[PDB]
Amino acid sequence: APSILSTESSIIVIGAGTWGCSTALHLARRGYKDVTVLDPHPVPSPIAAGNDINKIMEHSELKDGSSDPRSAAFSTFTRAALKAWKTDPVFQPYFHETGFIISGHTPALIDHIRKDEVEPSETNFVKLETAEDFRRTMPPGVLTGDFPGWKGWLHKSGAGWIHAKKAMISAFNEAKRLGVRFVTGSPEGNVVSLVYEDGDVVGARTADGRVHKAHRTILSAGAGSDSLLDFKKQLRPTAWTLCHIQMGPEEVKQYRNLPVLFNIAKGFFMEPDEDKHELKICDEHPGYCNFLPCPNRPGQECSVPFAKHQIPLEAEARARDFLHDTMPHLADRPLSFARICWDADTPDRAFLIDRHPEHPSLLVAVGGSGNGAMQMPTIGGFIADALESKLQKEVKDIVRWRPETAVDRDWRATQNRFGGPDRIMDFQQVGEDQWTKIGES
């Protein structure tokens, strides 16, 4: 029998990343007086995927939606997220409604975007057919490439980019100010395992040995969640790569209020951040896994997350071939920063927010699956809903606990992503001299 939930209930959130801070904030705002958040790092965490100078936000509605319940759930998440990016003062300053370009460069990719993304959407786009159509979405001198074989779609409003790092900091700040307790650092906040009494989770044991007891334990640790609970293959830690190119104080002025340019098989980039003038590029691919035997001594293989402020040279290559099609004049610029970035993919890349059906006091909130950052303002809300057993019908069944969809899971399934070798890649098959070497020299 799980304890009756009230505002006095001591709550623990494991993980103060994108989803953790969002939850801490929402719990605070609802009247919960006893919320403690645990993280092995101070905000922003160096391993939190939400720690990026920028991420893409997009919201689309559907024609129908009875035709695709997975996607109808996503609109529900994003309709909420967009509204909050525009009205909630904690999040508002860090949304940049600059627009979103989705595109490809081969017949089958372009037809894919037409069929899966554009046709089903109630959104009205501007069809980009030529190299001038791409170049003229941005000020003179920003896009200067030939865009070979490229065809795309511009989405003006209800899409843009977000300063995820700062918004995560802003939410942390407001949660902390409304009275949430943040235990962020090692060993105090580094949770090494959960705590069981009578088949349920009574709290969290951290690396310092203390058992933090709670009536409800919320687990939101991103890629790290896999090594804290048996998720039954429902979470694939996968990594993606990014790198920063620093701009000059003179040239950087032209790269302002730029719409997100995404080619689903080459990558995307976002406008230079206001602080360091750094321009960010991700080479799009199905992702990097780090295949090792699981930490629990099996012959089962797993993707184990590690941290690195470098990227494989093969990713720098893919980034620069992207640069070359779009902004050739920046193609041979030296990188100023790079790192690998860890998320968790579910078998269908819908979120995982549910009470564990064997430990009712545990609430997992994980599996952002590449689309979790934009949800920042409001994800904590649906998480609070789930906790408060009122997760609305439009999403409940889609994001529920579902280990049967991960039976016989192919860890190398491309999960609707394209680019590079068009296969899942493995960090183990990348040499130690085959990474970038940023600084110095």
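The first residue of the sequence shown is number 1, and the count goes up from there.
Trainee: As stated in the PDB record, which stretch has the larger average Cα B-factor, 251-259 or 308-316?
Mentor: That would be 251-259.
Trainee: Do the CA atoms of 76-84 or those of 357-365 have the higher mean B-factor in the entry?
Mentor: Looking at the record's C-alpha B-factors, the answer is 357-365.
Trainee: Using only the C-alpha B-factors in the record, can you name which of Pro403, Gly65, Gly31, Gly381 has the highest?
Mentor: Across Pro403, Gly65, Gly31, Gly381, the entry lists the biggest C-alpha B-factor for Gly65.
Trainee: Of the choices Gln300, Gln92, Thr98, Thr130, which one's C-alpha carries the largest B-factor in the record?
Mentor: Comparing C-alpha B-factors across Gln300, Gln92, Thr98, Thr130, the maximum falls on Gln300.
Trainee: Should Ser103 be placed in the lowest, middle or highest third of its chain by the C-alpha B factor in the entry?
Mentor: It belongs to the middle third of the chain when residues are ordered by C-alpha B-factor.
Trainee: Quick check for you: using the entry's CA B-factors within this chain, is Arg205 in the lowest, middle or highest third?
Mentor: Its C-alpha B-factor, which the entry lists for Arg205, ranks in the highest third among residues of this chain.
Trainee: Divide the modelled residues of the chain into thirds by Cα B-factor and specify which third, lowest, middle or highest, holds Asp332.
Mentor: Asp332: CA B-factor falls in the middle third of its chain.
Trainee: Pull the Cα B-factor of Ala373 out of the PDB entry and bin it into the chain's lowest, middle or highest third.
Mentor: CA B-factor rank for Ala373: lowest third.
Trainee: Can you work out whether the C-alpha temperature factor of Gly224 puts it in the lowest, middle or highest third of the chain?
Mentor: Within its chain, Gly224 is a highest-third residue by C-alpha B-factor, going by the deposited values.
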